[PDB]
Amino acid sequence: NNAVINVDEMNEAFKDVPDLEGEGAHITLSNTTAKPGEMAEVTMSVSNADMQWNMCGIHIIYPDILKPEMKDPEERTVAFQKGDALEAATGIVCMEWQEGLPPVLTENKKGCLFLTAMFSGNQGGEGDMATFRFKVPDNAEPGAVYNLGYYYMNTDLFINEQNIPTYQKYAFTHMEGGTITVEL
């Protein structure tokens, strides 16, 4: 089930946080398909968290041959369709990591983007958070599978207004990756 490329680093980050299991947030990436040359839709979603969170900051990773559709290249902002889970946010920002990537991402030929949402109170919702579009290379081979996952940075968040560290530990330790599969 693990889709955090640097899971052992994350584990260390949460070493002293009690590990309570039970009812927490289930963050997931989609499993979609696209023809070579097309723009593949990818959606991050969260279930079991309606009205229970007030901020997130998440790094999503993907093979770096895939390029996320940009909103403003110079601000590095990434185009996305906002989902129901981010409705009534006070602010949301989505940006592409272009410079100064960690060696674990370069070594494994990964690109990365980051989505942060901020709410006033625990207004965070559930269902789809954001849908992005990725350019599938023109020369991609049918049957090719592109794995989608996460990268854990020490300042990343999935938290409630009450700032209860165990809620965040659960969210990050129960994330599910996704795929894009190239079809004919």
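When you see a residue number, it is the position in the sequence shown, counting from 1.
* For the stretches 34 to 42 and 59 to 67, which has the higher mean C-alpha B-factor as given in the deposited record? -> 34 to 42 has the higher mean C-alpha B-factor.
* Asked: Where do the C-alpha atoms have the higher mean temperature factor in this entry, in 137 to 145 or in 120 to 128?
  -> Per the PDB entry, the higher value belongs to 137 to 145.
* To do: Sorting the chain's modelled residues by C-alpha B-factor, tell me whether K82 ends up in the lowest, middle or highest third.
  => Highest third.
* **Chain thirds of CA B-factor: placement of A25** => CA B-factor rank for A25: middle third.
* Asked: Against its chain's modelled residues, does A13's Cα B factor rank lowest, middle or highest third?
  -> Tercile = middle for this residue's CA B-factor.
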